[PDB]
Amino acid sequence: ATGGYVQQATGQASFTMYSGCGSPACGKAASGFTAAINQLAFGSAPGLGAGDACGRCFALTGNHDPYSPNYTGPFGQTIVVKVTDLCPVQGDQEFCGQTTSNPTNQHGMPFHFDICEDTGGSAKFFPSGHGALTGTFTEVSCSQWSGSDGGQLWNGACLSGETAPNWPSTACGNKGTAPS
């Protein structure tokens, strides 16, 4: 995509959970299940505001625990998340360090979703005692997402991906250049 970001409607991903998503990088939070996505797919860098992932909705499915390779299941439910936040290259190397020159992380996955614990999404997705998974995602209509958007935290906030057709397409738009 513009800026060299890697933005595809379906693919393989790793998954973790995090706390505190009330002031996210897209500049609006949301009351439903939300996630952060790795910088190379988010479409922006820290401090530059919303990128084109902002507001898009994705169905997530986990099917392996790389830290418990003997574990056969069961895994959690498929959930639909809205992306509101950025998982930056500098902040999390193991999971979100994909760059244009090295587009997979330490688990071989080209994408990563960090699922926000606050609003309930991680409790549906991760079985107890398994806080990191790999699996797949697919972009879906936000008709499949439940919740409502919060108010803008600053000018330029954007979740307009929530009404956009699936990638490839442009809604909030990418900022700057993807990490090399």
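Counting begins at 1, following the sequence as shown.
15-23 and 152-160 differ in mean CA B-factor, and the higher of the two is recorded for 152-160. Taking the PDB entry as given, 121-129 carries the higher mean Cα B factor of the two stretches 38-46 and 121-129. Per the deposited record, the Cα B-factor of residue 32 falls in the middle third when ranked against the other modelled residues of its chain. Annotation for residue 66: C-alpha temperature factor in the highest third relative to the rest of the modelled chain, per the entry. In the deposited entry, the Cα temperature factor of residue 100 places it in the highest third of its chain's modelled residues. The entry lists a Cα temperature factor for residue 84 that places it in the lowest third of the chain's modelled residues.
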